[PDB]
Trainee: 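Here it is: the structure, laid out below.
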Protein chains: 2
Amino acid sequence: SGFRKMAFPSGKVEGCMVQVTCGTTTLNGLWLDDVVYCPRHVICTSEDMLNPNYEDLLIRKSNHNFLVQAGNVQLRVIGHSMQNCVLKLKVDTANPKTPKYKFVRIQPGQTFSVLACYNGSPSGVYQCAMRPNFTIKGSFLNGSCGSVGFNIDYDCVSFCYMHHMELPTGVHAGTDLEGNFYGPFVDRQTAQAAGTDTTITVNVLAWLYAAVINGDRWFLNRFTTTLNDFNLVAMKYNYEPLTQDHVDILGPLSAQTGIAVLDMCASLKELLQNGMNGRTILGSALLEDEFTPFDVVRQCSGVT
Amino acid sequence: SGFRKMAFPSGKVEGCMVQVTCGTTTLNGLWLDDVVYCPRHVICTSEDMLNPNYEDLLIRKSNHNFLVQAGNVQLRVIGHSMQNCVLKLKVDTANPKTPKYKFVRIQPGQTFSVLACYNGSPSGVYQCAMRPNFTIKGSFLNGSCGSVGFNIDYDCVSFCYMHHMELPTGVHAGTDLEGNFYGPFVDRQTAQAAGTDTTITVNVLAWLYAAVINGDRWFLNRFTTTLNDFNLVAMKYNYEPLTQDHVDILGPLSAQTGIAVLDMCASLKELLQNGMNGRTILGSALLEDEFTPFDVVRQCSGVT
Ligand SMILES: *CC(=O)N1CCN(CC#C)CC1
Ligand SMILES: *CC(=O)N1CCN(CC#C)CC1
């Protein structure tokens with residue numbers, strides 16, 4: 001028993017991290033097969049970031065300008081291309097440590113592990129959620145760009161995120177592995193509005209089920225609600241509206257615990273209206289939304 | 001910027017995990033050089049755990065009874081010995097993936113990463129603290145025993161913990177890599193009192209410094225305190241008494257932020273007496289004690 005914000009084992013991704021330098025800018029890259037993927041702003045100076053013309057900046061660069069180092073050995077660059085906001089540097093050597101992988105574009109509310117890196121070296125790993133407004137609340141310093149987000153299903157790594165920037169508000173923005181930003185963000189040092197964020201309702205209910213499974217039950221009440229009634233409360237507290245698709249995904253947790261999804265919604269409703277009254281749930285004093293129903297099932301069943 | 005409960009990259013430890021089976025019991029082992037380390041209760045049946053005589057149970061076992069599998073390949077056991085609560089199975093092959101390592105016994109209040117494993121396979125990684133009462137609040141199901149806790153300094157892995165059991169209260173107990181339990185715990189299925197736990201005061205202040213560095217400053221006040229005055233409040237709220245050694249370890253954070261340690265203590269004092277008033281600090285609604293001053297410095301400087 002016990003419930004933790006658990007990240008995927010980072011080994012398979014550590015073996016893919018490389019350092020990419022272009023001019024005086026050093027970022028992280030992801031080496032899979034004979035391609036190194038990195039944020040295209042590796043070609044910018046700090047001055048260029050204010051209003052970069054990536055096409056014009058990249059034309060001044062040749063294969064030999066991209067210095068790619070994997071640990072202590074240098075990779076030879078034989079091609080470069082820009083795809084959206086990522087650069088793909090073709091190297092002459094396939095990464096011997098390339099795991100089975102896929103590039104996937106995750107949905108808002110889905111979770112993933114981030115391997116924070118600097119100079120191609122891993123510093124740490126943490127679990128986070130893609131916010132409904134397509135930002136992530138990470139831990140990233142200058143040099144972390146190119147660090148990636150991923151999920152793992154047995155032996156296959158699904159890369160979903162590449163870090164590109166910190167908004168002036170301190171939250172983080174990035175792309176899928178095809179270089180498409182999540183959200184309305186552009187790789188430019190300008191003020192950028194992130195949407196109004198909301199709480200991931202389905203994740204909070206999944207976490208409430210994890211709490212019941214692991215012994216924390218004080219919040220269970222004698223009430224029930226309807227999807228319509230619950231959603232009026234969800235709107236007032238800036239929670240995402242719950243749909244039948246969300247109820248269906250909670251089905252296994254509802255079946256395991258014997259607590260109907262709408263009864264769990266009534267518990268959530270009372271917690272939103274009354275607060276925790278100084279109590280905690282799974283060591284937290286707020287309603288946690290960074291665990292999907294799939295995460296709760298996996299952690300509660302010990303999936304390796 | 002941003003601050004997360006970050007674990008060490010688990011790659012170096014993943015390469016050491018093996019499955020150990022003895023009779024009908026399967027646990028995880030740690031393969032370093034030509035030795036596999038695992039909890040000695042791998043020799044017990046569920047019945048034996050009530051009151052095991054490990055010496056007598058181990059005498060009925062030969063090298064061929066310990067089935068050690070690393071991924072898909074079987075290791076040949078050529079020796080077995082019990083050291084405190086761990087078994088050391090000498091194998092005929094040195095682990096090719098053995099990182100630079102040390103066995104260290106950590107102090108209460110210190111933090112470490114746990115690589116939760118089942119059947120020798122890694123499921124996830126999370127950061128936790130050794131409680132002042134020598135328990136850990138982990139996430140461990142049956143089969144997770146033998147999973148290990150560790151810290152990493154550049155290329156050296158310092159193994160500090162091996163998981164052995166869940167107390168009836170749902171908290172976790174284990175040993176150092178020499179098989180010595182942290183705390184008064186015994187590897188027996190009996191009711192065992194964990195001491196009164198306390199909050200790791202030095203870690204809370206370190207986290208308050210991390211909050212100031214990362215922008216959360218609402219809790220800073222116009223007050224100061226003394227070590228004596230602060231400790232009277234710490235005693236009332238079951239916080240560990242702050243010593244000059246703790247103040248000294250906070251020195252770098254106090255120097256970086258310009259906030260004297262006793263002024264941060266006065267902020268902590270007001271937070272203990274008044275609560276958060278519905279506000280949050282670094283996305284938390286309670287005072288976090290799972291970040292040491294060293295963790296805050298490392299995460300805030302991007303140590304790889
Ligand atoms: C994204 C990142 O890590 N940064 C470091 C380099 N800065 C200047 C350039 C290019 C941008 C932020
Ligand atoms: C420690 C662990 O993972 N357990 C699974 C096996 N149980 C019976 C035995 C031996 C003990 C708990």
Side-chain angles (χ1 to χ4, degrees), chain A residues 1-15 17 113-128 136-144 152 154 166 169-172 214-216 275-276 278 280 282-287 290 295 298-304, chain B residues 1-15 17 113-128 136-144 152 154 166 169-172 214-216 275-276 278 280 282-287 290 295 298-304:
Chain A
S1 69
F3 207 74
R4 281 278 184 179
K5 184 71 60 61
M6 195 178 281
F8 285 105
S10 59
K12 291 160 183 281
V13 179
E14 291 166 50
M17 303 308 304
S113 298
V114 169
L115 176 61
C117 291
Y118 297 87
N119 303 119
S121 295
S123 54
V125 64
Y126 57 92
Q127 187 74 357
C128 74
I136 76 172
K137 305 198 130 165
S139 173
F140 292 114
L141 304 167
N142 293 338
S144 65
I152 311 176
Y154 172 54
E166 186 169 77
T169 64
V171 306
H172 303 110
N214 292 277
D216 246 321
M276 321 270 289
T280 68
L282 289 183
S284 179
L286 51 77
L287 304 164
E290 293 195 309
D295 295 340
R298 180 188 313 109
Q299 190 176 156
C300 295
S301 76
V303 169
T304 64
Chain B
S1 69
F3 207 74
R4 281 278 184 179
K5 184 71 60 61
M6 195 178 281
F8 285 105
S10 59
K12 291 160 183 281
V13 179
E14 291 166 50
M17 303 308 304
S113 298
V114 169
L115 176 61
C117 291
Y118 297 87
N119 303 119
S121 295
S123 54
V125 64
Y126 57 92
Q127 187 74 357
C128 74
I136 76 172
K137 305 198 130 165
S139 173
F140 292 114
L141 304 167
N142 293 338
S144 65
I152 311 176
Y154 172 54
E166 186 169 77
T169 64
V171 306
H172 303 110
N214 292 277
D216 246 321
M276 321 270 289
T280 68
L282 289 183
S284 179
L286 51 77
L287 304 164
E290 293 195 309
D295 295 340
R298 180 188 313 109
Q299 190 176 156
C300 295
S301 76
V303 169
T304 64

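Order of the sequence lines sets the chain letters (A, B, ...), proteins ahead of strands, with each chain counted from 1.
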Trainee: Is there a donor-acceptor pair under 3.5 Å between the side chain of B/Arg4 and the backbone N or O of A/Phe140?
Mentor: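 Judged by distance alone, no pair lies under 3.5 Å.
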Trainee: Given the options A/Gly275, A/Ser10, A/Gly138, A/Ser1, which has more heavy-atom pairs under 4.5 Å with chain B than any of the others?
Mentor: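 Ranked by contacts with chain B, first place is A/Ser1.
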Trainee: Is there a side-chain contact between B/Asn119 and A/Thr304 (heavy atoms, below 4.5 Å)?
Mentor: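 B/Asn119 does not reach A/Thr304 side chain to side chain.
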Trainee: For B/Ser144, is it the side chain, the backbone, both, or neither that has a heavy atom closer than 4.5 Å to a heavy atom of chain A?
Mentor: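 For B/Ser144, neither part sits under 4.5 Å from chain A.
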Trainee: Return the option, out of B/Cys128, B/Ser284, B/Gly278, with the maximum number of heavy-atom pairs under 4.5 Å with chain A.
Mentor: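 Answer, by heavy-atom pair count under 4.5 Å with chain A: B/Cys128.
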Trainee: In terms of heavy-atom proximity below 4.5 Å to chain A, should B/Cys300 be classed as side chain, backbone, both, or neither?
Mentor: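 The backbone, not the side chain.
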Trainee: Which one, B/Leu286, B/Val13, B/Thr280, B/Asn214, leads in non-hydrogen pairs under 4.5 Å with chain A?
Mentor: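 When all of B/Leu286, B/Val13, B/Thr280, B/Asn214 are compared, B/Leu286 has the most.
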Trainee: Check each atom of B/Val125 against the heavy atoms of chain A and say whether the ones under 4.5 Å are side chain, backbone, both or neither.
Mentor: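 Both backbone and side chain.
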Trainee: Nearest 0.5 Å please: distance from the OG atom of B/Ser123 over to the CZ atom of A/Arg298.
Mentor: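 So the gap between those two atoms works out to 9.5 Å.
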Trainee: By a 4.5 Å heavy-atom criterion (distance strictly below it), what part of B/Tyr118 contacts chain A: side chain, backbone, both, or neither?
Mentor: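 B/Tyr118 touches chain A through backbone and side-chain heavy atoms alike.
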Trainee: Is B/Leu115 close to chain A through its backbone or its side chain, or both, or neither, when contacts mean heavy atoms under 4.5 Å?
Mentor: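 Side chain only.
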Trainee: Tell me, side chain or backbone of B/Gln299 under 4.5 Å from chain A's heavy atoms, or both, or neither?
Mentor: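 Backbone plus side chain of B/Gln299, per the 4.5 Å heavy-atom cut-off to chain A.
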Trainee: Got a salt bridge between B/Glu290 and A/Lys5, using NZ or NE/NH1/NH2 to carboxylate O under 4.0 Å?
Mentor: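 Result for this pair is no, no salt bridge flagged.
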Trainee: Do side-chain atoms of B/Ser139 reach the backbone of A/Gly2 as a donor and acceptor pair under 3.5 angstrom?
Mentor: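 Looks like yes, one N/O pair under 3.5 Å.
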